[PDB]
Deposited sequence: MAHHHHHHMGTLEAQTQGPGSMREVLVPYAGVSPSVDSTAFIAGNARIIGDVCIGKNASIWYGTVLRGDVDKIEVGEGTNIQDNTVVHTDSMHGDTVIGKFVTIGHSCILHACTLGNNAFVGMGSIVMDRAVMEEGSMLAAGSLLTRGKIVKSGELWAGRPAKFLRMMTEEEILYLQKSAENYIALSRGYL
């Protein structure tokens, strides 16, 4: 973790011992990583200018960049590969499809979803149970029962997956 955890302005990340951090991830400055979280290969959480909080049981998948107004990510959140997250707030069980961009001041409420490849623009609010999609992302429809159930299942799957590394 000597190469993985980087200080900025005297602040170093606080990482729960049960979190999985890929050896080539980079976590800089004011970043807190909760119990059973998993931060994947090539992910960059750059908390130099403002803070990043990552809740229990959250996965931030490969090559995602988080940087900024801080970034607050709740519990059991799934962030797909190669996302870009910028001073946003993601509620518990939020699901961000791979290849999505979430802009400054955007909010995903608890149990909401963004389709793969979405661009959620500044200040937009995805409400609980909603699926948004597109560029710029807009409300598409409510989620099905299967999709809602998958929010927690995805997070649990990733906790289990990450335990096969450590």
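> In sequence order, what intervals of the deposited sequence carry no C-alpha positions?
Several stretches lack coordinates - namely 1 to 21, 90 to 93, in sequence order.
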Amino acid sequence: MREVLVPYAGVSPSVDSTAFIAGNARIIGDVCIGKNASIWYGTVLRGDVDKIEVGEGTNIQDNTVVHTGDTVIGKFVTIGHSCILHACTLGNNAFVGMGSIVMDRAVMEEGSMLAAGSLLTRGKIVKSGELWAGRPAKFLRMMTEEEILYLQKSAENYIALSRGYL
From here on, numbers count along this sequence of modelled residues.
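> Comparing 153 to 161 with 16 to 24, which has the greater mean CA B-factor as deposited?
The stretch with the larger mean CA B-factor is 16 to 24.
> Can you tell me which of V65, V126, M98, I60 has the highest Cα temperature factor in the record?
The listed residue with the largest C-alpha B-factor is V126.
> Using the temperature factors of the C-alpha atoms in this entry, rank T89 within its chain: lowest, middle or highest third.
According to the entry, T89 has a C-alpha B-factor in the chain's highest third.
> Taking only the Cα B-factors deposited for this chain, tell me whether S38 sits in the lowest, middle or highest third.
CA B-factor rank for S38: lowest third.
> Sorting by Cα B-factor within the chain, modelled residues only, which third would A115 end up in: lowest, middle or highest?
For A115, whose C-alpha B-factor we compare with every modelled residue in the chain, the answer is the lowest third.
> Split the chain's modelled residues into thirds by Cα B-factor; is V49 in the lowest, middle or highest one?
Its C-alpha B-factor belongs to the highest third of this chain's values.
> Considering every modelled residue of the chain and its Cα B-factor in the PDB entry, is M142 in the lowest, middle or highest third?
Lowest third, going by the recorded CA B-factors of the chain.
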